[PDB]
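>
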Ligand SMILES: *[C@@H]1O[C@H](CO)[C@@H](O)[C@H](O)[C@H]1NC(C)=O
Ligand SMILES: *[C@@H]1O[C@H](CO)[C@@H](O)[C@H](O)[C@H]1NC(C)=O
Ligand SMILES: *[C@@H]1O[C@H](CO)[C@@H](O)[C@H](O)[C@H]1NC(C)=O
Ligand SMILES: *[C@@H]1O[C@H](CO)[C@@H](O)[C@H](O)[C@H]1NC(C)=O
Ligand SMILES: *[C@@H]1O[C@H](CO)[C@@H](O)[C@H](O)[C@H]1NC(C)=O
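Protein chains in written order, with the working numbering: chain A, 1 to 117; chain B, 1001 to 1117; chain C, 2001 to 2117; chain D, 3001 to 3117; chain E, 4001 to 4117.
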């Protein structure tokens, strides 16, 4: 008995494994005594945007593009009292193969073995 | 008895496994004594946008594009009292193969073995 | 007895497995004593948008596009009292193959083995 | 006895499995004593939009497009008292093959083995 | 009995494994006694943007681009009282193969061994 084996393998198989975890902990409070006197509370916030004849990517192609043109983002800016943000903003971006990618697996093997017994 | 095997494998099979978890913890409160006096509460917020003759991507193609033109985003900005945000904003973006991708697996093997016994 | 096997496999089979979980925890409150005096509560919010002759993607094709033209998004901005957001906004975007993708599996094998016993 | 087998397999079969779960936890309250005095409550909110001669995607095709033209979204902005949002907004978008995709499996094998015993 | 094996392997399979974890710790408070007197609270914030005839990437292609054009980002700037940010902003960007990448695996082996016994 004989064993002849030729597993020709042209394979592309990348892969990622991830463990993600958050615990807010222990928030314990005993005998918290409070006397609060705050009359006449008057907070102010003004947000303004104006734009005229803008343009973006006015030319030839981009293979991949995550970037922006003139924009405005506002987050958690003016918290006044007892404001909690716990594990608040979790942003995960995972890409195996990006945009505009060419995979051309051009496999044309020739294999002619023999066994004489 | 003989064994001849040639599992020619032209295969593309990438893959991701993920564990995601959040626990708000323990929020315990005993004998919290409070006396609050806050007459005449007058908070203010003004948000304004104006735009005229804008344009975006006025040209040739983009393989892939997540970016924006002039926009405005407002989040959790003016919390006044007892405001909690726990594991609030979770954004996951997972792509195996992006846009505008070409996979051309052109497999034309030739294989003629033999066994003489 | 002999064994000859050639499982020629031109296969594309990527795949993702995910575990997602949230627990709000333990929110326990004992002997919480409160005396609240808040007459004359007058909060204000104004949101304004105006747009004139805008345009977007006024050209050749996009393979894939998630981006926007001038828009406005407002979230959880002005919470006044006892406002809770727990595991509130969960956004998952999963794509195996994006838009404008070409898979051309052009498999034309030739295989003529033989066994002489 | 002999075994000859050639399972030529040109197959595309990607697939995703997902576990999704939320538990609001334990919300326990004992001996909560409250005396609330809030006469003359007058909250205000104004939301305004105007648009004139807008246009979107005024050109050649898009393979796939999830993006918008000038719009406005308002969510959970002005909660005044005892407002709870638990696992409130869950948005899942899962695509195996996007729009404008071409799968051309052009399989024309030739296979003529033989066994002489 | 003899063993002949030639597993010719032209394979590209990179992969990353990650452990991510946060614990807010222990936040314990006993006999916290407070007397607060803060009448006439008047905070102010003004945010302004104006833009005219801007442009971005007005030329030939970019293989990959994450960069922006003139934008403005505001975060956690003006917290007034009792403001907590715990494991607040977690941003992970993982790419195996970037955009505009060419993988051309052009495998054309020739292999004709033999065994005479
Ligand atoms: C971490 O992930 C591995 C697999 O990568 C798994 O065996 C283990 O259970 C995970 N541990 C935790 C604490 O999530
Ligand atoms: C982590 O994921 C692995 C598989 O990747 C699984 O065995 C395990 O149960 C998971 N553990 C937790 C704590 O989620
Ligand atoms: C995690 O997922 C694996 C499969 O990926 C499964 O065996 C296990 O039950 C899951 N565990 C939890 C805690 O969800
Ligand atoms: C997780 O999913 C696996 C299959 O993916 C299943 O065996 C298991 O029951 C699930 N566990 C939970 C806790 O949902
Ligand atoms: C760390 O990850 C390894 C696999 O990379 C796993 O065995 C282990 O459980 C993880 N440990 C923790 C504490 O997450």
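No residue lacks a Cβ here, since even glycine has one placed at the ideal position from N, Cα and C.
(1) Quick one: what's residue 2081(C) bridged to in DSSP?
(2) Cβ of residue 4019(E) versus every heavy atom of ligand 2: is any distance shorter than 7 Å?
(3) What does the alpha-carbon distance come out to for the pair residue 4030(E) and residue 26(A)?
(4) Check whether chain A comes within 8 Å of residue 2063(C), counting only Cβ atoms and requiring the distance to be less than that.
(5) Expressed to the nearest angstrom, what Euclidean distance is found between the alpha-carbon atoms of residue 1082(B) and residue 3066(D)?
(6) Below 9 Å on C-beta distance, what does residue 2098(C) contact in chain A?
(7) Figure out for me which residue from 12(A), 44(A), 22(A) and 7(A) has the closest Cα to the Cα of residue 1078(B).
(8) Just to confirm before moving on: does the CB-CB distance between residue 2018(C) and residue 1071(B) stay below 8 Å?
(9) Does the separation of the CB atoms of residue 2093(C) and residue 3093(D) fall below 8 Å?
(10) Starting from residue 59(A), find everything on chain C with Cβ-Cβ shorter than 8 Å and list it in chain order.
(11) Identify which residue in 11(A), 24(A), 5(A) and 110(A) has its Cα closest to the Cα of residue 104(A).
(12) Return the CA-CA distance between residue 4048(E) and residue 1016(B), expressed in angstroms with no decimal places.
(13) On the DSSP bridge assignment, give the partners of residue 3010(D) in chain order.
(14) Please report how far the alpha carbon of residue 4108(E) lies from the alpha carbon of residue 91(A), in whole angstroms.
(15) So is residue 1002(B) buried or exposed if we call it buried at 16+ other beta carbons inside 10 Å?
(16) Do residue 4041(E) and residue 37(A) have their C-beta atoms closer together than 8 Å?
(17) In chain order, what residues of the same chain lie with their CB nearer than 6 Å to the CB of residue 1060(B), ignoring the 5 residues before and after it?
(18) For residue 4103(E), does the three-state DSSP call read helix, strand or coil?
(19) Is it buried or exposed, residue 2947(D), if we count other Cβ atoms within 10 angstroms and call 16 or more buried?
(20) Please report how far the alpha carbon of residue 2117(C) lies from the alpha carbon of residue 9(A), in whole angstroms.
Put simply:
(1) Residue mapping note: residue 2081(C) aligns to position 81 of the third chain, counting from 1. Paired residues: none, contrary to the question.
(2) Within the fifth chain, residue 4019(E) is the residue found at index 19, counting from 1. For ligand 2, not one heavy atom lies less than 7 Å from the Cβ of residue 4019(E).
(3) The count along the fifth chain starts at 1 and reaches residue 4030(E) at position 30. The count along the first chain starts at 1 and reaches residue 26(A) at position 26. Between residue 4030(E) and residue 26(A), the C-alpha separation is close to 14 Å.
(4) Taking the first residue of the third chain as 1, we reach residue 2063(C) at position 63. True, the Cβ-Cβ gap to chain A drops below 8 Å.
(5) As a position in the second chain, residue 1082(B) is number 82, starting the count at 1. As a position in the fourth chain, residue 3066(D) is number 66, starting the count at 1. Taking the straight line from one Cα to the other gives about 36 Å.
(6) Position 98 of the third chain, counted from the start, is the residue given in the question as residue 2098(C). The contacting residues are 99.
(7) Numbered from its first residue, the second chain carries residue 1078(B) at position 78. The residue with the shortest Cα to Cα distance from residue 1078(B) is 44(A).
(8) One-based indexing of the third chain puts residue 2018(C) at position 18. One-based indexing of the second chain puts residue 1071(B) at position 71. No, the Cβ-Cβ distance between residue 2018(C) and residue 1071(B) is not below 8 Å.
(9) Here the question's residue 2093(C) lines up with position 93 in the third chain. Here the question's residue 3093(D) lines up with position 93 in the fourth chain. Cβ atoms of residue 2093(C) and residue 3093(D): closer than 8 Å.
(10) Residue mapping note: residue 59(A) aligns to position 59 of the first chain, counting from 1. Under the 8 Å cutoff, chain C gives no residues; its nearest Cβ is about 10 Å from residue 59(A).
(11) Against the first chain, residue 104(A) aligns to sequence position 104. The option with the nearest alpha carbon to residue 104(A) is 11(A).
(12) Here residue 4048(E) corresponds to residue number 48 of the fifth chain, with the count starting at 1. Here residue 1016(B) corresponds to residue number 16 of the second chain, with the count starting at 1. Roughly 43 Å between the two C-alpha positions.
(13) Here residue 3010(D) refers to the residue found at position 10 of the fourth chain. Paired residues: 2010(C).
(14) The residue you call residue 4108(E) lines up with position 108 of the fifth chain. The residue you call residue 91(A) lines up with position 91 of the first chain. Cα to Cα, the separation comes out at about 43 Å.
(15) Sequence index remark: in the second chain, residue 1002(B) carries index 2 (1-based). Label assigned to residue 1002(B): buried.
(16) The count along the fifth chain starts at 1 and reaches residue 4041(E) at position 41. The count along the first chain starts at 1 and reaches residue 37(A) at position 37. Cβ distance not < 8 Å, so residue 4041(E) and residue 37(A) don't count as in contact.
(17) Sequence index remark: in the second chain, residue 1060(B) carries index 60 (1-based). Correct list: empty, nothing qualifies.
(18) On the fifth chain, residue 4103(E) is found 103 positions in, with the first residue counted as 1. Residue state, collapsed to three classes: strand.
(19) Chain D is shown only over 3001 to 3117; residue 2947(D) falls outside these bounds and no answer can be derived.
(20) Residue mapping note: residue 2117(C) aligns to position 117 of the third chain, counting from 1. Residue mapping note: residue 9(A) aligns to position 9 of the first chain, counting from 1. So the alpha carbons of these two residues sit roughly 30 Å apart.
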